[PDB]
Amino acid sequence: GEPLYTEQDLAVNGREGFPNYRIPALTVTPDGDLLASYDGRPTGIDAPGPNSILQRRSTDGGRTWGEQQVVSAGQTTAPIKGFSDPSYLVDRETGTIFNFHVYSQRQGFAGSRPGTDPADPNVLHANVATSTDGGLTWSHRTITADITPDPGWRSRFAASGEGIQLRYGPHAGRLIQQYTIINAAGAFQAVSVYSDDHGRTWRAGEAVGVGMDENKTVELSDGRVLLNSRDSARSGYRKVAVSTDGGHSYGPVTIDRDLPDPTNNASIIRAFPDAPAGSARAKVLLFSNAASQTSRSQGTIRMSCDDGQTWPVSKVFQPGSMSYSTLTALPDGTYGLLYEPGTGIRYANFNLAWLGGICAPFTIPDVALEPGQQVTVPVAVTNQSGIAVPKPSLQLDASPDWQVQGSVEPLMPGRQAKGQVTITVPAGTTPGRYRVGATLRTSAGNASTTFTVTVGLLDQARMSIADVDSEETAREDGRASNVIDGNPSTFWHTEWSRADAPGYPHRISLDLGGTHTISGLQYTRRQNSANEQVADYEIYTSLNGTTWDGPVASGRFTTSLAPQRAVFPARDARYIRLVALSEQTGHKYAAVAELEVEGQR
């Protein structure tokens, strides 16, 4: 009906007893009470810090909130004890509420030492506060032994937010709470901690991935359990994995490109928790995170209607600073959101009318053209339920002096619609990769996508490596071939340490895959490291591949994270070579994220 979005702060840094309030966790008790838990940081730091687990309660749907009570109190005086990162799990069958959190003594997550002994002050323990009276009183347990099946698991912490109780299949009733472990090999993995006896005993299942962190799980419409992870390896995205069992294991982990993330926590819940298996309502997910890849800001709620395959809906709830966010389905049909705005922890409530709308994900392919060209590309839209939409619009978002227009036929229930986009780009358009936003406007809600229009660059898929002076391939993936894959997150790296290899006259040559008239080369520095940045370069070209002619260009490029051009009077060439002569701060390695060649296909 009428759109709703209201907010209020539950904790304000400096007020009510603590200098710092962080890490939100939201839930709704069986009686309909809302419970909000967060850390109270007297020192403004996580574990080993003397943090406390607090709690505020709302008995009127989230409008008014009670006083801040303590769930797990940390000791500031020696010996120092702390409680951090809460995560709620409500057993809807029995009514018990679990608040999972970290119990620290001397070490935190990165410094915890092997062991399961509650007494050992050097391991980071996994605790659980249990309540059978709605959250009023709690009973504490240290469950580290129960969940550390492999002695190599030297550290752990429960991903804050809220866990889940399975409703479908043979493992229906099972409580699952996600964790992050540090194995023997030093790797950060994800593991599900579950209980089949309503929480009396907790076992850990099989660990997943490498470079994982705070992860989240949801039950799909068919009973499958999807996992959505923060990526410690910082690719600017969420890692996802899925499971089909009850001794818990997930298949391969992959990066989801529809979900940008600045390596931060995020929520993913079932929009209709009590829907039947297989139904449309059972397929609707809500995900909240910070959409920025360089900052913890641009907090946005996204919506899926096909179990997480597509994410057509999105809307920003906090354009400004936004870090951790947690979601919860309220019994009135709305959704509760607890997040970090930089001032502490704030509570928000919104309904689906406020999101925009329409479950009509659409695809528009990636286009390559020469400046001064026009191209028309097809649009394919997949439609949802009570949606017979006779007049939908297509609003494209591009560079102002580019003419972009689009149209789509009507949307009929359960059918696919067709359409097209015409892009005309001017002759003086600088070669590059262009992101074009697409918005399917309809009187029943929003639906958006993005495609890429590449102007004036050759096709990398036709490119290969002719030669390279050195590639790091033992300790990491520093392959010369990572420059031609269209991903700034992967890089070529010169054979680095743990093998005292060559120094600076470094070089990489590309086989363009046929003769082309080229006038330039663009290069992108390695993004998350500053010590292998190329300074002085020289470009050489060739048609036979053995006799090289140049330097066709020379220069010193900057420390810019975006692509940098190296232009030269057009010429025919089958091969292009970049000779790196020095590094920005005199270091010995070279790493290039991407190499783009400007020319005519």
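Residue indices: 1-based, along the sequence shown.
- As the entry records it, the average C-alpha temperature factor is higher for 525-533, out of 97-105 and 525-533.
- Mean CA temperature factor is higher for 490-498 when stretches 490-498 and 505-513 are set side by side in the entry.
- The maximum CA B-factor among the listed residues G205, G308, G333, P365, taken from the PDB record, is found at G205.
- For the set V71, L457, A388, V191, the PDB entry assigns the largest Cα B-factor to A388.
- Per the PDB record, residue ranking by Cα B-factor puts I539 in the lowest third of the chain.
- For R574, the recorded CA temperature factor ranks within the highest third of the chain's modelled residues.
- Among all modelled residues in this chain, the alpha-carbon of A275 has a temperature factor (C-alpha) in the highest third.
- Sort the modelled residues of the chain by CA B factor and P79 lands in the highest third.
- Sorting the modelled residues of the chain by their CA temperature factor places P170 in the middle third.
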